[PDB]
Structures are given as structure tokens and as C-alpha cells.
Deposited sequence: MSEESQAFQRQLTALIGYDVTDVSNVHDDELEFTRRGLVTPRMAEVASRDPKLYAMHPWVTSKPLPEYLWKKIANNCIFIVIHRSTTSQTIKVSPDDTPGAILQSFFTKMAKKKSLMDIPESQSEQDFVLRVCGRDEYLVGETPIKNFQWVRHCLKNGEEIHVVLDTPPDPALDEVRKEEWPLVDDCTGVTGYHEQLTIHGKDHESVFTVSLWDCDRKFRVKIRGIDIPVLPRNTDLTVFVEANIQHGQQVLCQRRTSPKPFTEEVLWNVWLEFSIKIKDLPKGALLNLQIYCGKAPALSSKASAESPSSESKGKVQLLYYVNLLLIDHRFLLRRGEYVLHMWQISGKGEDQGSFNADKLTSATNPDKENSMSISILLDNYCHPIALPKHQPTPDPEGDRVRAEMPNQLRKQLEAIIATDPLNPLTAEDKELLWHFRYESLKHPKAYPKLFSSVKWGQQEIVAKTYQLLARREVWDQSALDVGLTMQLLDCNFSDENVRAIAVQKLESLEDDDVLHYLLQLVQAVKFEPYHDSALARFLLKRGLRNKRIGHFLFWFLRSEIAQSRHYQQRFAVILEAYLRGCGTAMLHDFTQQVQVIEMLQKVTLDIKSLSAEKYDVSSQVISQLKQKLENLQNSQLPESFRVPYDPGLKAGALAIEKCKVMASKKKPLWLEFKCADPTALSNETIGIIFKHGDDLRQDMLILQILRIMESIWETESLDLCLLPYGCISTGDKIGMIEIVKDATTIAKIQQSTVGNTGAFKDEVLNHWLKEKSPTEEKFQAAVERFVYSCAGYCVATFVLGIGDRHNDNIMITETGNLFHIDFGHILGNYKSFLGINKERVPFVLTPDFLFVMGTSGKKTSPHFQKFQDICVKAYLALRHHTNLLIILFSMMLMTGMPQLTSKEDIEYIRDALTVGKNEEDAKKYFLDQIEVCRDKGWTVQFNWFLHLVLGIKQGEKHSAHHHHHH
């Protein structure tokens, strides 16, 4: 290859954080096959993208303006402040006017046609034929009561986005030779056997075990395990799952490879150890630590191509379909869906149940299933249902044709909605049997098609590549595919970002292992901090970089005087940058907190579900005033977090008035709000914001089953906006403490106008969510699988069914939630006080 060609690939590696030309852990060529296979989709999308629009990446939505944002326009007139040449002028614009038309009524109001409208201080643009009201930035301004400020400048040059050119009827059987681990303690004596499963979509087709034996550094069987199922009957994407029990180790092996070939030969598989069920148990990858890991040795020696329902049965069938996603299917249930297959096809909500009713261990039956998909008319014409689509992409479906129809239905998503679900789609890639998938190809295209999506795709993929041995190989290949298509402008941006984040990660760890647990910091700890940051500033760190959680904002130089270390346990950095954009309205800095560590992946998963819950309320015209702060995971137990300005912790508001207890005063919160309000009109508005945002997080947390939290984890702004934080960690349903209630004008057993408004808001919010029950359930279950440790599929998930009061009616549901509120009144400060004792 060329001298430049190798330096480029070395640049890719630095961005990816994994070398995809490095073949150290693989038993086949699938990863290299997939690199080639992604070239066409990549190239297809680069070719179809408009250079101008790709360069300006307008952030837009086809959804209608909510009632709460219509009420903020009372004259049918929106005001845009344009800035040019040190002179600024307000202008009256109609909500239906396009950017090109308002620019028209600009040059008119004077008494050359190549200027674009950019937001001041941000990398946002208003352009294309869209109504100004359909621009996100505009809607964001109307919601927070912000004036819309826009500067007139030159469109960014599409030249900068340029892309470099490309250069048997036999029963299946497996011999278990044995298992070898380099070392073991002595011991104590225990017993070990091997369990071989044939798995397709977590359904077990066949199972065979070995005879238990004494656990020693090498254990031999050399026995053939003959299964019932025939070689010809193996479905594509079926896993041979090998597990050792005493459950200690597991490893997976794809039985049919990426070329449709049956797997054959000797295999020495290095397995994964269980930590003293989860998407990591599905992985076809083998443990990269080849020296210290348990391994299993097996042998494979053994090609594909190439009447109306009666009424009472119809009701049982419909009852099946009505149930939630995670309700289990009996055998009779399954046989009903399968026999009545043609009826089931007329009910898009039955697709997940019907496809779990397929016997995938039988080739004739799989064959029928494909014929069934052949007439897709009803599925193709149906309204897009995201939660339904999401069910076909989870761990219960390994068939590429089933999964592909889900992806077909994704194709109709506007960028706005792809952002909403991006994180969850990226995680779903883990459930893909093969590295090259319709879903993987769909993430590629959407990312290549739009810079905002592309930006987040990059960080989502990079997070997993950095902390996951299970999926990093497959993600790294998809990221490389993305990077070769995004343009050199974006390659440059990413390169600037990565250099900064890694340097600051180095520092984050270097301070953390200069410090202990308060006690505590410490002038010395803060001196070493500034010292290290001084060495980076000069020299050398990048002049500027995009903020990974807010790609609109460009960060400038550190402000080293305001940087510091946080008094907490984990000793996170508090960093502040100047904004690099000189057209920015204010002088405010950009705060960022670097933390090691909790798991910031759990925070990302929750914040995303939180933004989903918001959009659900937006369709019903509800505004619960949530605050999903930017949070990105960088590496194992490490990442960045957006600093929310003028915000404090509820705990810190109690210890200002009181000290290092623990003795919680009811009036404190309300005094803090009043003290922090410049006028009384802003304090009333703040009490209003706190009623909605409190109602918002009570309902949201109760459903996600995270409702029981310490006051250190809750925050509030000076404008009254309450928000939960740190999601990577007697009882209570959620947190409504006497101090929250006091702000609502309630001391226990007393109702008030603000507290009645609260209950009313909670119920409306809660009942709106219940209409989305399937969606929330699938999202929730996916989060557990992809984001938490090994959990119980059966009991942990079940919480949210109770939380969402499945099967009940809006009357019982309204009662149920109201009771929960009462439970919080009766507990008062008791759970809170106990949390304080558990961290003392």
C-alpha cells in the first residue's frame, strides 16, 4: 500500500481506539469480510448526499408545534434579531415563513443573494425549505423564553467535506475434548461439567451435558455429544453455546458462518468468566486474554439455499396479541399463532409473538416463514411503530429476514427521531448474529447522511469500543466504515476532540490517584491540577474543539483559574473553557465535568429514555420540564458530563442551613429559591417550574424503577428546575420530601393549589406514558440487557409491568399513582435519613 495510505489507516486507529487491521483475536475472516461489505453502502450514501445541506446540517422536525409553544406566540408573530457588521436589527416573522423568504424580507427592509442565517455562538444554521417554526433551535428558544439571535454569514464550503477515493440428514454433533485453565487455587475441591446448547434467539433448540468431574487445571472428556436436530435443520445465526458449571464460564460459536458455510474443524475457544441474561452472553467473540483465560477445545466434523378463524379462537388470539411484550407464550399460544399465521399477519402487533412461535430448528417451517414474509402488504403499509420495530431487534430474534423487516420500517424515520432512538439502535447491534447486518448498514447511512447523527454515532460507537471486549471488534469495523465516509472536515473535528478528551482523561486519572476519600481535598490536590492543566495549555492542546454532547458549541482555551477538583468521593474534575465563537451573545464559559467513576453508560441510557418520555408528552401537549443534561461515556467507568449553570444539589441546600447532618428542615428549599430569585415574578415562575419538573421526575423515575434516591443525587437550578443525576449506581416509590411539599404550600396532611396542580400533572403525565406501554417496556428491557450487569430476565424486568399498571383501566391507574404520592407523605424524611446513614 502507499506511504500515505498507511498513515491514514493509523489516523483511523487513533480515532477508533482500536486497530481493525490487527487480527489477534479471531477464528475466521468475518471482520475483514464485513469491512469490504460496508464499502458499497458507504459509497452509496456519500453519493446521494447534498453537499450544501450536508454542510449546514439543519436541525429540523416534521412534528406540529405543541399547544404550550403556540401560547407563547399570541400575535402569530415571532421575533428574530439579526446581527451583521456590529449592527443588530429585530424583524417580524411569520411562523410559516421559510429562511429564504425571511432573508428576502430583510434586504427589502433597507430601500448578494448568497448569505445564510447562523445562530449566534453556535454551529447551527437555518436553511432549506422548512417553516421557521419547524427548527429545533427556534422551538428551544420559545420554550425557555429566549430571544432568537442570528448572525448573517457565508455558507460553509462543501469542498471541506470531501472524501478520499477508495483503493445432510445426519444428527448434528460436537466432541468436547476438554477444558484448560493455566492456574487454579488449591482448591477447594469442587465439581465441573460442560453444557452444550444450540441457541437461536435465546430459545434453546437442543441441549446436551457432560458427566461432572473434579475441577483441575485440565479436565478431559473427549466425548461426542449427539444432538437430536439434523444438520440441514440448523437455522442461519444459530449459536453453539458452551457453558461450564460448578455457572463459571461461557463462550459462543456461530454454527453457520457469514458465507452460509457450516462450521467445521477443531476449535480452541477462550471463554468469558462470570462476575461474582445480558447481551454480553450472546457475543460470538472470544476472550482476547489468551494467556490467563479458561479455554475449551471442541471438534466439529459433519449447505443451504441458495380459511377464516372461528370466533372463540379469534378472541383468544386477540388476547395473546394484546398482552405486553414480555408476557411469556405457552405452547398452545404458539401453536395458535402458527396455525392461524395468515390471520396473525393482519396484526402488526402480533409480529413479535408470531415470530417467537416459529420452530426455527425445522427447515420446512423456516421455509414457510419466508413464504409468509413474501406477502408483506400489511406490514409495509402500516404506520411506523417504533416500540414494535424495537422488539424485532432485541435478543429474541436471530433471523436476518425478521430483523430486516424491522429495519425496513426504520427507513421512514426523520433525522429528528433517529436521534431520539440512536443510542438504543446502536446497542441493538449487539443482538445481531453477524457483523454485517441490515441494522448496522442502516446506522451507517443515517450517520453519513447527517452530521448531527454522524457526530453522535461516532461517540456512541467509540464508548463501546473502549469498554467492551465482547463487542469492540464489531463496533470498530462499523466506526471505520463511518469515518471513511464522513468527510475530511469531520475527520478533523473528531481528531481535535479525541486529542482533547484523552489528554483530559489522563489528567482525570492522575488526580484520582493522588487523592483518597474526603478527607478530602485539599489545596495540594487542586495545585497539582492546575499545574498539569498548565502543561497542557502550553503546550500542546488544540486551539478549539466541538463539545461532544453539544456539537453546536465550540470550546476554546481552558480557563484554568475556574478549574478545580470536586469535594466528592470520586474526585471528578470541574473544567471550564472559553467559548471559541466570537459571535457568541454572552461571555459565559462552557463547563464540563470529567469523572472517574461510575458507569456513565447507565446515565446515557436513562437520559435517552428520558428524552423519549418528553417527546411522548409533547404529542399530548404536556411539558414536564425535564433536564436531560449532556453525558457521554468515554472509557471504562469514565466520561464527561454537561455542567448545568446555576444549579445545586438538594443535599447541599440542606447542609448550608445545617451542616454535616442529616437533620432535614422543611422550609430550607423554599428559602433558597426565594433568596436566589431576582424578582418576585421570577420566584413565582420558579415555583411553577419546580411543580412541573418535580411531577416530571416522579413519574419518570417511578416507571424506570429508579425512584429511590439519596438527596445528593438530586439537583435544582436557580430558576426552579429540578433534575436527577448520577444514574450509574424501608422504601419509597419516588422522592417527594417534606421540603419539596413545603414549596408547593403543603405541610403534612394539607392540600394546596400548587400540590393539587402537582397531583393533576402527575396523573396526566402517567396516563400518557401508559399509552406507550409496549415502547417503554422494550426500551427498559433493552437497557438492562445492554447496560447493566447480569440481571434476572424474569423478575427484574417485571417491575415495570407493575409500575405501568398493565391490564388496568385509567381509573384504577389514576388511583394507583395517587396512592404512591401518599406513600411519600407517610414516609417523610425516613428513607432519606436512612440513605444518609448508608453513606456515612
Practice item. Just jot down which stretches of the deposited chain sequence have no CA coordinates, in the order they come. Key: 112 to 124, 181 to 214, 294 to 317, 348 to 354, 381 to 382, 387 to 402, 826 to 838, 950 to 966
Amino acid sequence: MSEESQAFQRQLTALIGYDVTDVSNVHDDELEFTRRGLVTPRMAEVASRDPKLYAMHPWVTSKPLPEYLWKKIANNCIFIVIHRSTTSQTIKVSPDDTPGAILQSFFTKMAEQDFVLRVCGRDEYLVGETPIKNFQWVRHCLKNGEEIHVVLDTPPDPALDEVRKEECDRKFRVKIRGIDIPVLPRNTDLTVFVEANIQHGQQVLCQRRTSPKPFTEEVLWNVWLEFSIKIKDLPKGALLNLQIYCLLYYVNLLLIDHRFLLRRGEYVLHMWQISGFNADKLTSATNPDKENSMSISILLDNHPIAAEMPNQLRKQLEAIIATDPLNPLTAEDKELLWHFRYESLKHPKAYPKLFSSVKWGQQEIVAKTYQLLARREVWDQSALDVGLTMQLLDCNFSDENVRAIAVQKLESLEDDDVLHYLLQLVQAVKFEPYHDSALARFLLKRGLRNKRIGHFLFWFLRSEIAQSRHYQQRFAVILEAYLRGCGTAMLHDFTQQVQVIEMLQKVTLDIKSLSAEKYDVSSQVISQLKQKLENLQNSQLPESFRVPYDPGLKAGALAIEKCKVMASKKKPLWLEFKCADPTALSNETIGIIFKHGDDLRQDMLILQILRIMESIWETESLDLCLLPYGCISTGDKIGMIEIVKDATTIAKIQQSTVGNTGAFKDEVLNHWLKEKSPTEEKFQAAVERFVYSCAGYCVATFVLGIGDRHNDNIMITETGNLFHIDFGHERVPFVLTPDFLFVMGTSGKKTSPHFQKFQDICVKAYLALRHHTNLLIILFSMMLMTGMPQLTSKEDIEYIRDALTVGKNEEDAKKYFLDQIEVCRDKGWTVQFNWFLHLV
From here on, numbers count along this sequence of modelled residues.
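Basically, rigid core = biggest C-alpha set you can superpose within 1.5 Å across the two forms.
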Check your understanding: Is the larger C-alpha RMS shift in 8 other deposited structures of this protein, relative to this form with the rigid core superposed, found in 84 to 92 or in 282 to 290?
Key -> 84 to 92
Study note, to complete from the structure: Quick note, superposing on core in 8 other deposited structures of this protein and taking C-alpha RMS, the more shifted stretch of 669 to 677 and 434 to 442 is 669 to 677
Review point. Is residue 188 unresolved, in the sense of carrying no coordinates, in at least a third of the other compared entries?
Key: yes
Review point. In a third or more of the other entries compared, is residue 745 missing its coordinates?
Key: no
Check your understanding: Should the higher mean CA B-factor in the entry be assigned to 685 to 693 or to 447 to 455?
Key -> 685 to 693
Practice item. State which stretch shows the higher mean Cα B factor in the entry: 407 to 415 or 87 to 95. Key: 87 to 95
Review point. Quick one: which of 154, 316, 389, 283 has the biggest Cα B-factor according to the entry?
Key: 154
**Study point:** Deposited CA B-factor, highest of 107, 545, 355, 549
**Key:** 107
Practice item. Would you please rank residue 65 by its C-alpha temperature factor against the other modelled residues of its chain and give the third it falls in: lowest, middle or highest? Key: highest
**Study point:** Position of residue 23 among the chain's modelled residues by C-alpha B-factor, lowest, middle or highest third
**Key:** highest
Exercise for review: Determine, from the deposited record, the chain-internal third of the Cα B-factor for residue 520: lowest, middle or highest.
Suggested key: highest
Check your understanding: Sorting the chain's CA B-factors, does residue 474 end up in the lowest, middle or highest third?
Key -> lowest
**Study point:** Third of chain Cα B-factors occupied by residue 799
**Key:** highest
